[PDB]
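Enquirer: Sharing a structure with you now.
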Amino acid sequence: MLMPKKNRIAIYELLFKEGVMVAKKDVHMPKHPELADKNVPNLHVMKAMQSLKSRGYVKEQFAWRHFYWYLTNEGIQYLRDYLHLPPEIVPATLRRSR
Amino acid sequence: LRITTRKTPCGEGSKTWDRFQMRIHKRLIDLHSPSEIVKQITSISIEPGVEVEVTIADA
Amino acid sequence: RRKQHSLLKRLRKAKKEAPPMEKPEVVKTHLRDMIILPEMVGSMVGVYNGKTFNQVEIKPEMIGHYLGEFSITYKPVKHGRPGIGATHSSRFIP
Amino acid sequence: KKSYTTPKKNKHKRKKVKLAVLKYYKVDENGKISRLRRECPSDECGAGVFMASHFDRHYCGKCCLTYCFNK
Amino acid sequence: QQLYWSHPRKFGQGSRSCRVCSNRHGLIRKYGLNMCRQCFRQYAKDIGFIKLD
Amino acid sequence: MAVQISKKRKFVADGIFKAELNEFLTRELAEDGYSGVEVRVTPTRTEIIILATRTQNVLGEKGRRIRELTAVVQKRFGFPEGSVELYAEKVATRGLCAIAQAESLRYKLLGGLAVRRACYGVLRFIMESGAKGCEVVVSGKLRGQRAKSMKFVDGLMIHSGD
Amino acid sequence: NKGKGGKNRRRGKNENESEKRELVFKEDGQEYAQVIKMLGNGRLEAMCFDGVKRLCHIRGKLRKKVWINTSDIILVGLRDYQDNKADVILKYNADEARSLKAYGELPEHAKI
RNA sequence: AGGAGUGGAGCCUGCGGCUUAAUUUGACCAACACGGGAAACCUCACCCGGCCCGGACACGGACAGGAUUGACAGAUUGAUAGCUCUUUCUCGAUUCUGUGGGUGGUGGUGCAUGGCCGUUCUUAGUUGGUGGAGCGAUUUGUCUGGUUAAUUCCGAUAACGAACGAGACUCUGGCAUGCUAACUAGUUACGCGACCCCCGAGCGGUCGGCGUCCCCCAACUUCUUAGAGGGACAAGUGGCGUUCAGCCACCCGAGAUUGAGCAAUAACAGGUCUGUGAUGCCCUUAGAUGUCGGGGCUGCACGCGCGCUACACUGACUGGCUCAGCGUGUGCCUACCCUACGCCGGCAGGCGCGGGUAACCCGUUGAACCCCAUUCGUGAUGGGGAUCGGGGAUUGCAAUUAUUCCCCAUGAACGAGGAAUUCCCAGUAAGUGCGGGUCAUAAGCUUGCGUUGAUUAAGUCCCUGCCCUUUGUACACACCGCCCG
RNA sequence: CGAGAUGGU
């Protein structure tokens, strides 16, 4: 198996809620920081986000040993389906700046 | 602060060195006043890249 | 000695199960930094050399030495004749 | 940085055996049930999950580092 | 998956590596920099070091 | 921070922060005409000011990219929620900024324009903008399998002293 | 690494006759030979070990690179016509020549 | 002209050759204590063995009496790798399998490249525009002479007016009893207070001597810190100069050359793909050129390079006395810092209990040579300390092919070094010790600092080279060239 | 006015 389905949902729900992801390039640290506490390693985050990039559902950037990922409109459509959320929700970013 | 390094990236050539440094400047001022008015005067002209720190009793 | 007691179990098995008045079979190991304890006397060990196992019959005079002291990692040198470039006068012009 | 000289005790991985799903329950009479292989005395594994029978042991496949009885 | 998949790395050249490029040779531990010597000559101006003498 | 760090470590760490932020912005905002970052502090709040030639590309459709960049800067550097704000600002006299001229020449070459036609194109625009002189250099496999270089120059140019 | 001539001319790329010098044997149309005499003009007299002597020529790739000498051991290509004449393909070092004889590839005639 | 040497001895350390399963590899003035390269493991690329996927995504197949995952025990194994074999529980659509395609690589090419660095080359050199001269490549400007550290100035003049390098510029050293002003810096003085001595006009005192003994709600900025300004210009006097540009001596003065940084046009088949998520093409990709266990990088007839310790009396040993400056310090993933004071031990070291995120604590940083007194007596000696036996601590997951440290014992060559050859002009050479880097453990290296402090020069083109002009040439791959029997 | 030949990368 790549990972338990319990882990895979917890990455996608945090990505859909926040609109962005950040991780360092190191496969050995036992826990990802922040709301990926309650047990998932950052190796599962790197491998999950790679599979989401090759579908076209996230953009990727890299500098000084860190990945950065941004969610995009086709990925919002796919995750709202996969997480079974109501069609009206957009929880991350909405209000126009000045 | 001082750091001294070889100039070459690869270990070939005549043996030249680079000498890098950084200098830090520090000052103290003491006042005889209420705690309510240091908060006023320690808030103007402080716009440039200077650290400012204050402690409520040291004199 | 966390999981280094496993060699002592295999050695005392081999001392127990040998025919009466005959030598044990070899136990073969990577553990070159094991100290010879008085439990280990009159025993056959194969000690790894970087590519092969060399057998040792543990005499009681070996007590307090390392197992790696009796199995050597190289061949003694004996020289062939010097080649081109070995001295300043040795230079070749076509 | 060379051509490779091959080993000769070759396997890729083992093959996992294939068997039909369930033989741990029996119907003996209309409405009479028997359970043929036992649950382990345990907190999470206390129901619906069974110990193996070997020739000299009973073993829990779920609690796999432990839960072995020597008969 | 294996239970023995790492060895101790609490000191020596196995513990530490460059913060910019992950290299292990010729790094600077002074003042908490932890850069490689080739990466330091590249960023020294932005960090705030200068040469005068 | 349960006890404060010493001033030598504090002043070096503040410089290491500005270096990594400038590298991230350099490669995110390259085609969008980035040229520098400035950072300032006030009680409970950090304000980051970012300079570019096409500021509407730094914002995006309703400010999306400013909200995405605020989120990743906070997430990576460990600021608490809402203490970070990003402001985009327009570059004055963009012909006298060397970074905006190096990037626009890079994208002009990457689109397949010829080397001398591109290089005299920026050399004219810098001198029309009011510089006292300039020097443009390109090097590598310019026309053939063996490497070459070209210098283009105009006006005054000093090399020595402070 | 070490030069073994002496001159201004560092203008070339270094010879690197080292590492994966994988040992070469005959195909069809080839022979092993020992050099008997060297002549002018880039040509030589050689004897192969089944006993047919030939006049022999340095291929254009080996010019001013792989210096041949008297009593040296070489690999030679035969012609389908003009059987008196042939061309040099390789030189074997004294370290490689003993490995050919250890594989039984050479008759007991060649000097090393 | 001279000083200290190096080349000769023992040992340390880099290189070649030899040896080997492997002894990984780059580099031959401008390679060789250089890759910040002080490898126990890791680093690690080499050698002997064994697990693992961390093969995205697309298409097809297989599949909820189920795609697939994990494992006790015995055998096996270096191994508690369910690796594999026997056995029979377990998980739940996440995988498996074939084809296409990716991905990683301290793999190959520095003679495919970018960036950086070295060198030609530490010297004074380099270039347009308009005008003049030649059919032309080219040339003048950019110079006969004088002057300067200088293509620096004066002046001359078919050229005129400009650009870069030089210089200016930035940091640094030496001066201010004048300014600003200090309980994280001092001095003087006294309200005074306290211990010790009578040596002192004179008592055991007001008054004298000694103090890192202690308060000030005393006065102040000489000594310490560090901000602003000041000061030096060949400015004054005497000679010499196409009387210009400059050069020599001297007065007055803290001072009449302080030492570094930065640096042009045009080049090199110079070094680096092993600094990089800088990179083209090639190679490899599940019996891997992407992780653990053990070994090697240290192997020794031999040639060479940078160094440390010495051959003694201008010394070695045992006591006593008295003086620095530059720095670093609780590691932000990563888990370790600098140390006073008391007690135990010959020593290395151990236990307890405090201060320091630092002008605040280690700390008045009680440094070495040097200085004063003692013993030895021209003897390979009480000079020298290689080589080797036995025992005790400390780091660490692990010390054998001896990590480093402590103790008793053993006691080599070496009596100022053949032909050759390096560096140096004043607080310099040489002597002497202390910080920083690398560091879990640790300098015979390197990069900085203070302390004791000379002899010889104020010149030349002879040897090796550099700049400018006239001159000759069969050279332009440019004398390490070309060429005859 | 001593002797001063030669040239794989």
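We're sticking with Swiss-Prot numbering for chain D, so the shown stretch reads 82-152, in order.
Header lists the method as electron microscopy, 2.9 Å.
Here the Cβ of each residue, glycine as well, is placed from N, Cα and C on the backbone.
Got these off Swiss-Prot a minute ago, pasting:
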| type | residues | note |
| --- | --- | --- |
| MOD_RES | D:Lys104 | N6-acetyllysine |
| CROSSLNK | D:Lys107 | ubiquitin cross-link |
| MOD_RES | D:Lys113 | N6-acetyllysine |
| CROSSLNK | D:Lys113 | ubiquitin cross-link |
| ZN_FING | D:121-144 | zinc finger |
| MOD_RES | D:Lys152 | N6-acetyllysine |
Enquirer: Between the Cα atoms of D:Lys152 (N6-acetyllysine) and D:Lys104 (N6-acetyllysine), what distance do you get, rounded to the nearest Å?
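Expert: Counting only the Cα atoms, the answer is 21 Å.
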Enquirer: Please report, as numbers and ranges, the same-chain residues at least 6 past the borders of the zinc finger (D:121-144) whose CB is under 8 Å from any CB of it.
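Expert: For the zinc finger (D:121-144), the nonlocal Cβ contacts are 105, 150-152.
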Enquirer: Any idea what DSSP makes of D:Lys104 (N6-acetyllysine), helix, strand or coil?
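Expert: Its secondary structure by DSSP: coil.
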Enquirer: Write down the Cα-Cα distance for D:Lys113 (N6-acetyllysine) and D:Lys104 (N6-acetyllysine), rounded and given in Å.
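Expert: Distance (Cα to Cα, whole Å): 16 Å.
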Enquirer: Tell me whether D:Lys113 (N6-acetyllysine) sits in a helix, a strand or coil according to DSSP.
Expert: strand
Enquirer: I'd like to know which of these recorded positions, D:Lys104, D:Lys107, D:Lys152, is least surrounded, judged by other CB atoms within 10 A.
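Expert: Each of the recorded positions D:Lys104, D:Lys107, D:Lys152 was scored by Cβ atoms within 10 Å; lowest is D:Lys152.
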Enquirer: Inside 10 Å of the Cβ of D:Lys113 (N6-acetyllysine), count up the other Cβ atoms and send me the figure.
Expert: 8
Enquirer: Do me a favour and check the Cα-Cα span between D:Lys107 (ubiquitin cross-link) and D:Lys113 (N6-acetyllysine); whole Å is fine.
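Expert: Spelling it out, the Cα of D:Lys107 (ubiquitin cross-link) and the Cα of D:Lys113 (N6-acetyllysine) are 8 Å apart.
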